[PDB]
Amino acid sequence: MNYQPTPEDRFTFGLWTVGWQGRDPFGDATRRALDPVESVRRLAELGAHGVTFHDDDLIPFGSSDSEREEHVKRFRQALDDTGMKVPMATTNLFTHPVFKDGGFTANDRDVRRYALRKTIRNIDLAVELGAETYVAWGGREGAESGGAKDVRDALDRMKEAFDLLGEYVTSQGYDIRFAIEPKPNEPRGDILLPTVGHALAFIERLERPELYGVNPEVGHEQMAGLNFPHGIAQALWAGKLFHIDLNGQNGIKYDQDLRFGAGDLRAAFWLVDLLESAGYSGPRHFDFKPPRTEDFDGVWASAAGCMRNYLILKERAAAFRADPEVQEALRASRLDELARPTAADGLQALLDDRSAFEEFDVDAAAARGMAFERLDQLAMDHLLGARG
């Protein structure tokens, strides 16, 4: 209708998304490896704006300097050939067995130091490629057992690491900012900074908090049964939504990484409504895995579907908010009053206001319906294109 993405829509994809070969813990690869150059070309043809990478997605672990230079050269040529951007990069601190107990919070100090050096090397590369955001997903930070990890000590180590990275970027005069990606579990039994809230709270204890925000992922918050739009709202309220990862998840299970729109469809609607109403200006990044049932045609169909679903939901959310009948229902439900200060008159005036206590008619207020069901059915009708 026809919901066709173009680079102006700012849709981005990780190399590791469309490039996922399909290995799962009970299963071998179902697809051959993709050359990053091919991924860049195919994503551009679909209307993507850019790509993102872990160090080890772009440059095989253990590469020589000559190999590294050539991998980067080929990638840059593909970006130049297509007009694709690289808005974000990140470090792989989870695949190699050296990181089995963590990177920044490994019990082994030598591993912690190595993790920092590996990250710093890739920050330099990210800046060279034009990235504005550097993500950190501490997927190995955590434990399967209680004695293995003293979390206060681990948080001290995690703060030290992020503070050193902030010192580094400041010393180099780089404009790049960090986005910490929470996840509750998987691959560790419990992961440190398990939700958006825990990550937001941790950032406030860093030496230079302004350099750090969050990179929430739809499926990660949903793995804790949380409301992803609500958590995004809190991140926006805090001024900390530096990046976002979009995908689908069906509740509380392993991280499915379904295409965006799959999983909890209504949550996807309310997320798009929020991002668009708030004027979020960052990339709409997809961190998803085309299911291992698919061949490459299915990989590109799944990637296209991520963007299509965002655009359909954008249309429906805008129509919802613009509909005079919805605007009336929002007033009927007192969403306008929610946005007004409780006591701009000040504390003493509130204390002196008999209408707030002695003369408050509690039963009359209690009897007033909220009209939320009518409002929500208008929302459903807009999502489904069942208005009239």
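From 1 onward, residues are counted along the sequence shown.
*Asks:* In the PDB record, does 54-62 or 318-326 carry the higher mean Cα temperature factor?
*Replies:* Higher of the two, by average CA B-factor, is 54-62.
*Asks:* Which has the higher mean CA temperature factor in the PDB entry, 265-273 or 79-87?
*Replies:* Higher of the two, by average CA B-factor, is 79-87.
*Asks:* Looking at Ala154, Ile176, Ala235, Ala161, which one carries the largest C-alpha B-factor according to the PDB entry?
*Replies:* Largest recorded C-alpha B-factor: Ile176.
*Asks:* According to the deposited entry, which of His198, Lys183, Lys73, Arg292 has the largest Cα B-factor?
*Replies:* Of the candidates given, the C-alpha B-factor peaks at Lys73.
*Asks:* Among all modelled residues of this chain, ranked by Cα B factor, put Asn309 in the bottom, middle or top third, i.e. lowest, middle or highest.
*Replies:* It belongs to the lowest third of the chain when residues are ordered by C-alpha B-factor.
*Asks:* Considering every modelled residue of the chain and its Cα B-factor in the PDB entry, is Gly239 in the lowest, middle or highest third?
*Replies:* Tercile = middle for this residue's CA B-factor.
*Asks:* If you rank the chain by CA B-factor, which third does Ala224 end up in: lowest, middle or highest?
*Replies:* For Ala224, the deposited C-alpha B-factor lands in the middle third.
*Asks:* By its CA B factor, does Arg205 count among the lowest, middle or highest third of the modelled residues in the chain?
*Replies:* Highest third - that is where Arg205 ends up once the chain's C-alpha B-factors are sorted.
*Asks:* Considering every modelled residue of the chain and its Cα B-factor in the PDB entry, is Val98 in the lowest, middle or highest third?
*Replies:* Middle third by C-alpha B-factor.
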